[PDB]
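Shown next as structure tokens: one chain only, the form deposited in one PDB entry.
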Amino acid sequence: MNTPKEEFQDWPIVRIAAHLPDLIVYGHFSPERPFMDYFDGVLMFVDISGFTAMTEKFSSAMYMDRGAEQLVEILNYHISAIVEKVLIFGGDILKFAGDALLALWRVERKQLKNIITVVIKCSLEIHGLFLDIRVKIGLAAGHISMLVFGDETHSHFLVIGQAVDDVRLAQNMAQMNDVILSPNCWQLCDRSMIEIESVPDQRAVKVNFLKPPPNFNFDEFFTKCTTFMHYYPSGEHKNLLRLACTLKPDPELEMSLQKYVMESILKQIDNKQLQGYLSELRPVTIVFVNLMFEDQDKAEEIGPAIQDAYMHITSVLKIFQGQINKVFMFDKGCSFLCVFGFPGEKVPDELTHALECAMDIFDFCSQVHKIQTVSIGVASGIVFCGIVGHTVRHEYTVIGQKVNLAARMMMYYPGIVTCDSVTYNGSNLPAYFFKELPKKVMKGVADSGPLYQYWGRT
């Protein structure tokens, strides 16, 4: 009797799970929204520099209109190798945000110290790996909360808390190839192993070296650490990057997971549109909404407010096929990256609508309980849209100078709705709905043309 080889089965549930972390794939939580959960772990925030400039350059005529295709190939080639190192070292990629990602090693507290050593080693192997593009890495460790929010058809998650805020601080202060440890990371870690320098005006710290003691054996140390990693592929599945590669069809799980993924993506997953259709350099409008709270680490207070905000944002965006691309925590606050003009979703009057939608969101969210300040940046132009990451873990994302600009506007011009010149000039609206603003110098943007506040009709 023959025993023929099982072919890899590439079921839709497996393709959907590529878009999600293990935290969600194997999470099985309740129905209620907001849902919150609490744990400890180590975070790695890996940021690549030089890609939005490449994006700008790949719009140039030398790429003969294969700009999007060439950009995504070279981006995925580099990012895939980072993703693979993270997975092999036992991390869960939580989210891609443009050309950056955030990864988690969830463990019990007693194991944090040993796991911090695993993540440092991983970081230094990634730095190793590095077209003129650098990588900055922040690491943090401690308490983390997860929030899941949404409605009957859509779900979103976020991590929140002091380690989350720390990991962004640590990354922001890194020079152009540094691994920086949060102060808490630095004090929980195994100091006899790691050689650091102080850094100016902060107790956060820079890693120079991993100097293991005499007969420390990393492979034995790692194996010990795997005892505490729930989903590390092993045994018969040790040749796989992710256990989620082995998920089997299960309608109830697939219904829960698909809510996290955008419809146009699901369509490609179902072999109902060409795989190449979602990689594009297209003109869109970014509406970047920032919500700040009294205490942004306190998930039981902020969770309800984010749910409330999401219910309203989703309904006004729907009126324009606008879409939420991603949600995440910034140093200040919860940010919704919203996009008008995603593929097949091109209403004309995009700019006008982007502005009215932004005002509506600003007015509603301002009155939501616990939301201290709302800030919204609106910028318009040619951005890269596409699937970024590795075949086994990847997400739909947007990269471009205009995405960066909208993000910086909401930070540098808090408490108001701001817009760029393309949006101002291109909108239908009367000029006195706007106020021209003082020019501010902003991190990693040059030649923002004039900026405007969208005042509305006083």
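Residues that one form lacks are left out of the comparison. Take the two forms, find the largest set of C-alpha atoms that superpose within 1.5 Å, and that set is the rigid core. In case it trips you up, residue 1 is the first one in the sequence shown, and so on.
There is also a form deposited in another entry; it is not shown, and the following applies to it.
Fit the rigid core and compare the CA positions between this form and the one not shown: of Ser375, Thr117, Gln296, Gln323, just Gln296 moves by 2 angstroms or more.
After superposition on the rigid core, the Cα atom of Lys332 is displaced by 2 Å or more between this form and the one not shown. Relative to this form, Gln296 and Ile24 separate from one another in the other entry, with their C-alpha atoms ending up at least 3 Å farther apart. Between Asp297 and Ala170, the Cα distance is greater in the other entry than in this structure, by no less than 3 angstroms. Regions where at least three consecutive shared residues each shift by 2 Å or more at the C-alpha between this form and the one not shown, after core superposition, span 6 to 9, 295 to 297, 330 to 332.
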